[PDB]
Amino acid sequence: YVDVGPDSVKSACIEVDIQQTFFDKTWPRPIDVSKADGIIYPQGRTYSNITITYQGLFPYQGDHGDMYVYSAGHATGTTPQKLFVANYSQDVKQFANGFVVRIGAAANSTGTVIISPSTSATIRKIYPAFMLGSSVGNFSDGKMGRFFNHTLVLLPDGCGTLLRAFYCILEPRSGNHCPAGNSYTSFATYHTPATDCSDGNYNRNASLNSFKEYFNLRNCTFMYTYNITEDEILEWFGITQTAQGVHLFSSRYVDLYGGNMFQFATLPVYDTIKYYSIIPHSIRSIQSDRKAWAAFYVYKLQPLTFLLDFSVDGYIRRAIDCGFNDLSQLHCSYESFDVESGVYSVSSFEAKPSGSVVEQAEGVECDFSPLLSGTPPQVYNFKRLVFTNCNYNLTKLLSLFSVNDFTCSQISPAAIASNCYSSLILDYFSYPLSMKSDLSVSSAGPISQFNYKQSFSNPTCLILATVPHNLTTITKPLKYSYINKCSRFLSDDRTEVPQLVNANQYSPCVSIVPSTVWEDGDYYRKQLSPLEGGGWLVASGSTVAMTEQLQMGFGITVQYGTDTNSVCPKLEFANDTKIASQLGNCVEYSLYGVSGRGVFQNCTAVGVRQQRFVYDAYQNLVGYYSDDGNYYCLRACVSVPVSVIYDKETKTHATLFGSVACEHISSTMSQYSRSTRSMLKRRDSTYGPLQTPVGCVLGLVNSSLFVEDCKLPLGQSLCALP
Amino acid sequence: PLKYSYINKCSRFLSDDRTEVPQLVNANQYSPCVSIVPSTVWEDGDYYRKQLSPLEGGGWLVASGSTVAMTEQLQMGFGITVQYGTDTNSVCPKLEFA
């Protein structure tokens, strides 16, 4: 492994107080794509001043990003105090094909200290620290953001002029305020300007030393270092991951002024990254020497395509996010940054999805009603009902009795009610509660030995319960009974062999024992034929007095199909929204396995009735006969055409929604055809939609002027002045 | 190795303990089950499970594997792939230019 050097000796750490409410600030930074903000230069190639389309990962143009700020820790007088930091350590983020950042953007300006904002200190660039890896979870104190196995460490050391990278296993420390300790709050790292960054000795290990105070490096597999120099100019940086491993990008090495990112470095690690977090950092400087720091930003990559305006000097200077709005699509369609004026078609609205409507056969029902009448059998004589291909609700069945024992082996008692199975089998018998200690598949008692047993090849279960006073069709035995002996005497009339009951089967002795045992300790015998090898069947039984309500026991077993699980607990919209119909909009549907999306309406009937599905010559479903006896018809769904008026001379635009009319038009769209409508809103935030003979429009204005040729006619007598 | 071995299962059980969904390996990447599976499979048909946190979306990770007897001389396999770049094409056969 890599020689990173020794773990700091003390296990102790500086206390970290979370002050996150102090850090709420509003400084958003949308991407200025016309300035090529955030653009990663294409790999390995260059071009002349020709514009080209390109596809690759890019930040979304409209995203204002995630913003964060590093700050000084607490200090008073001339000395340090415990750290005050933002809660960014708790902010686990999902990795999503990499990210890019902006660094130092507030340089040559002023702001406030934030943690002690009254100071109004000027603000400057700090290089960020980050951690990446394949898994996250709770710290032993339940704290957010612990990472597992090896993780990436992107850590600057001391001044921004030194950068280091690592792939290594962190180990928790048991000192006060540290990760294995229970005095831990949150992880942080720090820099101390009193000795760090001396101008005669920059402290090359400074950030690492404070990093080591919270974690012991272990099993390290990689380390790297880089040389950086100070520059107040804004920088871009970012990370991607490929099957060739992780790569690092920066604008600093190649394009200080144009800002185009280039692959600054690469890393040997190709282990997939699933998560990302920002490591908090703080300044340990004297209270009057504290300095405010610049806002920093993060944006997420997406598989976008763009126009790129290469400069003759090969830097990309301008770009168009094709999918941001319809105008951007128009430019991409013509592969240019200057479309000639005209009216142009753009893609239609998708309309919108709505909640589903489904109709399928229901009510299969599950045989169970035999349990509710007559006298139940003695436990050795239990009755069985086998169920396949049908619908049930065991918890409804069990609410007909008061349950005094609900247990199973190899399934939870709750899960067997809620799981589909290929079959469901129920055994039932009368059974006194006085014998309940002897009812288990594992019991030492005579009930498990000779009366009832259940297989361990399936997840069976048992139940004890009693009958409510309103179940008057149930009747009870004179005494509860069971077999307490069952053996066969061997034919030599001295040797004897016990006959424990077979799983899921009647004992052989049930054939000699009477349907109930008349008295406690009654016994019977049967001579066996020479075909049996001779001998005598021998059996005996015992009883419990009858009670004011019948007491009962049950056995349940199931078989789970691999793909044959027919028996399920279907409900006919119990505890549900009753989605058998809507009338109506455009919500996806399924009708006996036929599916599509559309609007239903209560129309008239057409034949042939009871063929269910009416179709046209193109096989579009026309309509459907519901099991409520009503014909409904289907128009599927519709879309809204859109077009745009483009005035290149003023570089302005307005829109037309066509035939749809302004009743369905609103200031924003819930449907939707493009990621934004905001380019219309630049002037149309102040105006209502206007209705015209061709269709509803936005930003058109009723001037009622008469002009012979507007160069942008909308057809008809509509005309459209610049 | 003592035995040659491999993973023959890697799926996540649904939190309701009935439904289960397979996790097929990504091209050119380790399967996610490697975090719980032992460096070699100690016995044919060994399997392991991990409860998953609500942060993980719930359920149980489930994985299993199989083994093959060792041989007198080691047997090996290789996968080889190449990448064409544009200005990064620095890997070549030794030059014949002399």
# chains A, B, ... in the order shown; residues from 1 in each chain; ligands from 1
>>> closest_atom_pairs(of="chain A", to="chain B", cutoff="7 Å", atoms="only C-alpha atoms", output="Markdown table")
| residue | atom | partner | partner_atom | distance |
| --- | --- | --- | --- | --- |
| A:44 | CA | B:87 | CA | 4.9 |
| A:45 | CA | B:86 | CA | 6.7 |
| A:243 | CA | B:28 | CA | 6.1 |
| A:419 | CA | B:18 | CA | 6.9 |
>>> atom_distance(atom1="CA of residue 472 (chain A)", atom2="CA of residue 550 (chain A)")
10.5 Å
>>> atom_distance(atom1="CA of residue 493 (chain A)", atom2="CA of residue 522 (chain A)")
21.0 Å
>>> select_by_dssp(residues="region 507-607 of chain A", states="strand (DSSP E or B)", output="ChimeraX atom specification")
/A:523-527,536-545,551-559,567-568,587-591,594-598,600-601
>>> select_by_dssp(residues="chain B", states="helix (DSSP H, G or I)", output="PyMOL selection string")
chain B and resi 32-35+54-56
>>> write_last_selection(atoms="C-alpha atoms", output="tab-separated table (two decimals), in the first residue's frame")
chain	number	residue	atom	x	y	z
B	32	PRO	CA	-22.94	-4.43	-6.53
B	33	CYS	CA	-23.07	-7.74	-4.58
B	34	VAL	CA	-19.24	-7.76	-4.34
B	35	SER	CA	-19.57	-5.65	-1.15
B	54	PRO	CA	-34.40	2.97	4.19
B	55	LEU	CA	-31.56	5.15	2.76
B	56	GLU	CA	-30.83	2.11	0.50
>>> residues_around(residues="region 589-600 of chain A", least_positions_apart="6", cutoff="8 Å", atoms="only C-alpha atoms", output="ChimeraX atom specification")
/A:356-361,582-583,632-637
>>> residues_around(residues="residue 20 (chain B)", least_positions_apart="2", cutoff="10 Å", atoms="only C-alpha atoms", output="list in words")
residues 11, 12, 13, 14, 15, 16, 17, 18, 22, 23, 59, 60, 61 and 62 of chain B
>>> write_last_selection(atoms="N, CA, C and O atoms", output="CSV table (one decimal), in the first residue's frame")
chain,number,residue,atom,x,y,z
B,11,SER,N,-29.4,-10.5,-6.5
B,11,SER,CA,-30.7,-9.8,-6.5
B,11,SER,C,-31.1,-9.2,-5.2
B,11,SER,O,-30.5,-9.5,-4.2
B,12,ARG,N,-32.1,-8.3,-5.3
B,12,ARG,CA,-32.6,-7.7,-4.1
B,12,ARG,C,-34.1,-8.1,-3.8
B,12,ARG,O,-34.9,-8.0,-4.6
B,13,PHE,N,-34.3,-8.7,-2.6
B,13,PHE,CA,-35.6,-9.1,-2.1
B,13,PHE,C,-36.4,-7.8,-1.8
B,13,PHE,O,-35.9,-6.9,-1.2
B,14,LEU,N,-37.6,-7.7,-2.2
B,14,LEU,CA,-38.5,-6.6,-1.9
B,14,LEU,C,-38.8,-6.6,-0.4
B,14,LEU,O,-38.9,-7.7,0.3
B,15,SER,N,-38.9,-5.5,0.2
B,15,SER,CA,-39.2,-5.3,1.7
B,15,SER,C,-40.4,-6.1,2.2
B,15,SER,O,-40.4,-6.4,3.4
B,16,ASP,N,-41.4,-6.5,1.4
B,16,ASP,CA,-42.5,-7.3,1.8
B,16,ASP,C,-42.2,-8.8,1.8
B,16,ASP,O,-43.2,-9.6,2.0
B,17,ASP,N,-41.0,-9.2,1.5
B,17,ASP,CA,-40.5,-10.6,1.5
B,17,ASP,C,-41.3,-11.6,0.6
B,17,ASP,O,-41.5,-12.7,0.9
B,18,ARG,N,-41.6,-11.1,-0.7
B,18,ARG,CA,-42.1,-12.1,-1.6
B,18,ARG,C,-41.5,-11.8,-3.0
B,18,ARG,O,-40.8,-12.7,-3.6
B,22,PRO,N,-33.6,-9.1,-9.8
B,22,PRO,CA,-32.2,-9.3,-10.2
B,22,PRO,C,-31.4,-8.0,-10.5
B,22,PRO,O,-32.0,-7.1,-11.0
B,23,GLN,N,-30.2,-8.1,-10.2
B,23,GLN,CA,-29.2,-7.0,-10.4
B,23,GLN,C,-28.1,-7.5,-11.4
B,23,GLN,O,-27.0,-7.9,-10.9
B,59,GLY,N,-35.5,-3.6,1.6
B,59,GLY,CA,-35.3,-4.9,1.0
B,59,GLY,C,-34.1,-5.6,1.6
B,59,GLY,O,-33.5,-5.2,2.5
B,60,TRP,N,-33.8,-6.8,1.0
B,60,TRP,CA,-32.6,-7.5,1.4
B,60,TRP,C,-31.7,-7.8,0.2
B,60,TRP,O,-32.1,-8.4,-0.8
B,61,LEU,N,-30.4,-7.5,0.3
B,61,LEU,CA,-29.5,-8.0,-0.8
B,61,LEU,C,-29.4,-9.5,-0.6
B,61,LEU,O,-29.2,-9.9,0.5
B,62,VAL,N,-29.4,-10.2,-1.7
B,62,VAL,CA,-29.2,-11.6,-1.7
B,62,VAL,C,-28.2,-12.1,-2.7
B,62,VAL,O,-28.3,-11.7,-3.9
>>> residues_around(residues="residue 47 (chain B)", least_positions_apart="6", cutoff="8 Å", atoms="only C-alpha atoms", output="PyMOL selection string")
chain B and resi 62-65
>>> write_last_selection(atoms="N, CA, C and O atoms", output="short mmCIF file (atom, residue, chain, number, x, y, z; two decimals), in the first residue's frame")
data_model
loop_
_atom_site.label_atom_id
_atom_site.label_comp_id
_atom_site.auth_asym_id
_atom_site.auth_seq_id
_atom_site.Cartn_x
_atom_site.Cartn_y
_atom_site.Cartn_z
N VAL B 62 -29.39 -10.20 -1.73
CA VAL B 62 -29.18 -11.64 -1.66
C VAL B 62 -28.16 -12.08 -2.70
O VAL B 62 -28.26 -11.72 -3.88
N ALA B 63 -27.19 -12.90 -2.31
CA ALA B 63 -26.23 -13.36 -3.29
C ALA B 63 -25.73 -14.76 -2.99
O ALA B 63 -25.73 -15.20 -1.84
N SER B 64 -25.29 -15.47 -4.02
CA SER B 64 -24.79 -16.83 -3.84
C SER B 64 -23.74 -17.18 -4.86
O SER B 64 -23.59 -16.49 -5.87
N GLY B 65 -23.05 -18.29 -4.63
CA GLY B 65 -22.00 -18.68 -5.55
C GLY B 65 -21.69 -20.17 -5.54
O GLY B 65 -22.29 -20.95 -4.80
#
>>> residues_around(residues="region 309-317 of chain A", least_positions_apart="5", cutoff="7 Å", atoms="only C-alpha atoms", output="MDAnalysis selection string")
chainID A and resid 35:36 46:51 258 260
>>> write_last_selection(atoms="N, CA, C and O atoms", output="mmCIF file, in the first residue's frame")
data_model
loop_
_atom_site.group_PDB
_atom_site.id
_atom_site.type_symbol
_atom_site.label_atom_id
_atom_site.label_comp_id
_atom_site.auth_asym_id
_atom_site.auth_seq_id
_atom_site.Cartn_x
_atom_site.Cartn_y
_atom_site.Cartn_z
ATOM 1 N N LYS A 35 -22.306 32.748 -23.153
ATOM 2 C CA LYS A 35 -20.909 32.958 -22.806
ATOM 3 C C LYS A 35 -20.117 31.653 -22.737
ATOM 4 O O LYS A 35 -18.957 31.664 -22.327
ATOM 5 N N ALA A 36 -20.766 30.530 -23.078
ATOM 6 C CA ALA A 36 -20.225 29.180 -22.984
ATOM 7 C C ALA A 36 -19.931 28.794 -21.536
ATOM 8 O O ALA A 36 -18.970 28.063 -21.277
ATOM 9 N N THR A 46 -9.905 19.749 -32.409
ATOM 10 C CA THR A 46 -10.209 21.142 -32.501
ATOM 11 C C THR A 46 -10.705 21.511 -33.856
ATOM 12 O O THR A 46 -10.655 20.729 -34.804
ATOM 13 N N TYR A 47 -11.296 22.685 -33.880
ATOM 14 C CA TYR A 47 -12.017 23.185 -35.020
ATOM 15 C C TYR A 47 -11.731 24.650 -35.271
ATOM 16 O O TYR A 47 -11.263 25.373 -34.391
ATOM 17 N N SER A 48 -12.030 25.056 -36.489
ATOM 18 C CA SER A 48 -11.971 26.422 -36.987
ATOM 19 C C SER A 48 -13.189 27.160 -36.485
ATOM 20 O O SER A 48 -13.965 26.631 -35.692
ATOM 21 N N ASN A 49 -13.404 28.372 -36.976
ATOM 22 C CA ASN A 49 -14.552 29.152 -36.538
ATOM 23 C C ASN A 49 -15.948 28.669 -37.040
ATOM 24 O O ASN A 49 -16.951 29.332 -36.777
ATOM 25 N N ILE A 50 -16.027 27.526 -37.731
ATOM 26 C CA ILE A 50 -17.303 26.915 -38.086
ATOM 27 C C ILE A 50 -18.099 26.475 -36.863
ATOM 28 O O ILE A 50 -17.529 25.959 -35.900
ATOM 29 N N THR A 51 -19.422 26.640 -36.911
ATOM 30 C CA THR A 51 -20.244 26.145 -35.818
ATOM 31 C C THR A 51 -20.601 24.690 -36.067
ATOM 32 O O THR A 51 -20.889 24.316 -37.203
ATOM 33 N N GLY A 258 -11.008 32.089 -21.525
ATOM 34 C CA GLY A 258 -12.223 31.612 -22.183
ATOM 35 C C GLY A 258 -13.080 30.690 -21.315
ATOM 36 O O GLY A 258 -14.292 30.604 -21.512
ATOM 37 N N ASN A 260 -13.007 27.346 -21.031
ATOM 38 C CA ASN A 260 -13.338 26.010 -21.491
ATOM 39 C C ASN A 260 -12.634 24.964 -20.668
ATOM 40 O O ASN A 260 -11.439 25.074 -20.416
#
